[PDB]
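Accompanying notes for the structure given below.
Just so you know, ligand 1 is whichever comes first in the structure, and atom 1 is the first atom listed for that ligand. If you read the sequence from its start, that first residue is 1, and numbering goes on from there. Heavy-atom basis, side chains included; hydrogens, waters and symmetry copies ignored.
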Amino acid sequence: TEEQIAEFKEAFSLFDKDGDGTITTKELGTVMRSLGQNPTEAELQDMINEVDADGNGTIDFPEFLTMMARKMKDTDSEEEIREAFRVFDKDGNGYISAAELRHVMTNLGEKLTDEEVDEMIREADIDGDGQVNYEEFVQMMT
Ligand SMILES: CC1(C)c2[nH]c3cc(Cl)c(Cl)cc3c2C[C@@]23CN4CCC[C@]4(C[C@@H]12)C(=O)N3
Ligand SMILES: [Ca+2]
Ligand SMILES: [Ca+2]
Ligand SMILES: [Ca+2]
Ligand SMILES: [Ca+2]
Ligand SMILES: [Zn+2]
């Protein structure tokens, strides 16, 4: 929803007391304690680490959407990698062929040669079927 998001940026701004675009443990604890909870500092750090995709100890708005989605960061990252994968998997069959890779990359401004493309598919083609599936796409990227 679009207004579910607008609600969420409202929430984020409230929690981000000082407006610097990040939520700290202290800001998080203030909110938790205002709702009748007594989380330890370790527990507050844990809440943050669970969505802390960039590893900087604070929550920004994109990581907060993970938290509002309630999710863990690996789950969230998997859903984002799958969205990138579907950009390349034009026919939607679950495999990035060499032609799909060449086509999408060209239309995104990167034209590689034919044998660059064939080697990119080869490199990430673990099981040797000639195409790049999702798990191979994840691996390729790490
Ligand atoms: C040139 C890159 C490294 C790459 N190399 C590939 C090899 C294969 Cl086999 C396939 Cl299918 C796709 C790619 C892509 C698309 C990528 C994925 N990377 C993730 C982080 C940055 C970057 C760079 C770029 C990105 O944003 N787009
Ligand atoms: Ca802040
Ligand atoms: Ca962060
Ligand atoms: Ca495909
Ligand atoms: Ca494969
Ligand atoms: Zn995310």
Side-chain angles (χ1 to χ4, degrees), residues 1-35 37 39-142:
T1 314
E2 55 148 317
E3 250 270 358
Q4 286 218 34
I5 299 281
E7 270 176 349
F8 287 154
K9 185 47 156 201
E10 280 186 282
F12 184 83
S13 284
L14 284 189
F15 300 5
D16 172 25
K17 275 277 188 287
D18 67 353
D20 71 338
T22 86
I23 296 177
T24 60
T25 40
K26 304 77 173 53
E27 285 168 337
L28 183 57
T30 302
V31 171
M32 304 304 289
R33 285 187 292 273
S34 86
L35 299 157
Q37 305 306 102
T40 64
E41 221 68 4
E43 281 165 350
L44 291 166
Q45 272 153 12
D46 233 86
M47 287 177 79
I48 289 184
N49 294 355
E50 277 176 3
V51 302
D52 186 25
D54 70 346
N56 73 344
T58 63
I59 312 182
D60 57 26
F61 187 55
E63 301 164 336
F64 183 78
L65 292 175
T66 310
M67 173 182 277
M68 291 295 102
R70 224 130 45 205
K71 300 197 271 72
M72 305 280 318
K73 62 187 186 285
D74 282 355
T75 295
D76 172 77
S77 78
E78 283 166 23
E79 304 176 337
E80 280 159 7
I81 292 161
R82 187 162 293 272
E83 288 169 12
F85 180 83
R86 292 184 284 223
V87 176
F88 292 101
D89 186 23
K90 186 172 175 170
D91 72 0
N93 68 349
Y95 306 94
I96 300 165
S97 76
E100 282 173 330
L101 173 67
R102 173 182 58 194
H103 174 90
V104 173
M105 286 285 289
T106 294
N107 290 347
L108 302 180
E110 195 70 46
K111 188 200 250 204
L112 314 107
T113 80
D114 271 7
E115 73 97 8
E116 292 181 72
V117 165
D118 281 12
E119 222 289 288
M120 289 186 176
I121 286 273
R122 232 163 275 138
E123 219 160 90
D125 186 20
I126 307 285
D127 63 27
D129 76 336
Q131 291 184 90
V132 176
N133 67 16
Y134 174 79
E135 272 305 329
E136 292 167 342
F137 186 73
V138 176
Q139 216 44 222
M140 187 275 297
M141 272 186 3
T142 317

Atom OH of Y95: over 12 foreign heavy atoms under 6.0 Å: no
Should we say atom NZ of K73 is surrounded by more than 12 heavy atoms from elsewhere, each under 6.0 Å from it? yes
Hits for side-chain contact (heavy atoms from CB on, under 4.5 Å) against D127, two or more places apart or cross-chain, chain-then-number order -> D125, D129, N133, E136
Take the angle between the ring planes of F137 and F88 and call it parallel below 30°, perpendicular above 60°, tilted in between. tilted
As a test of reading the model: which residues have a non-hydrogen atom less than 4.0 Å away from ligand 1? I96, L101, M120, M140
Would you check if [X] and [Y] make a side-chain contact, meaning some heavy-atom pair closer than 4.5 Å?
{"X": "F85", "Y": "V138", "answer": "no"}
{"X": "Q131", "Y": "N93", "answer": "yes"}
{"X": "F12", "Y": "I23", "answer": "yes"}
{"X": "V51", "Y": "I59", "answer": "yes"}
{"X": "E27", "Y": "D18", "answer": "yes"}

Would you say the Zn ion (ligand 6) has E80 as a near neighbour, meaning an N/O/S atom of that residue under 2.8 Å away? yes
Which residue pairs satisfy the salt bridge (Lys or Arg N to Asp or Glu O under 4.0 Å) criterion with at least one member in residues 91-112, sequence neighbours excluded? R102-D114
In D76, what N, O or S atom is nearest to the Zn ion (ligand 6), if we give its atom name? OD2
Work out how many protein N, O or S atoms lie closer to the Ca ion (ligand 3) than 3.0 Å. 6
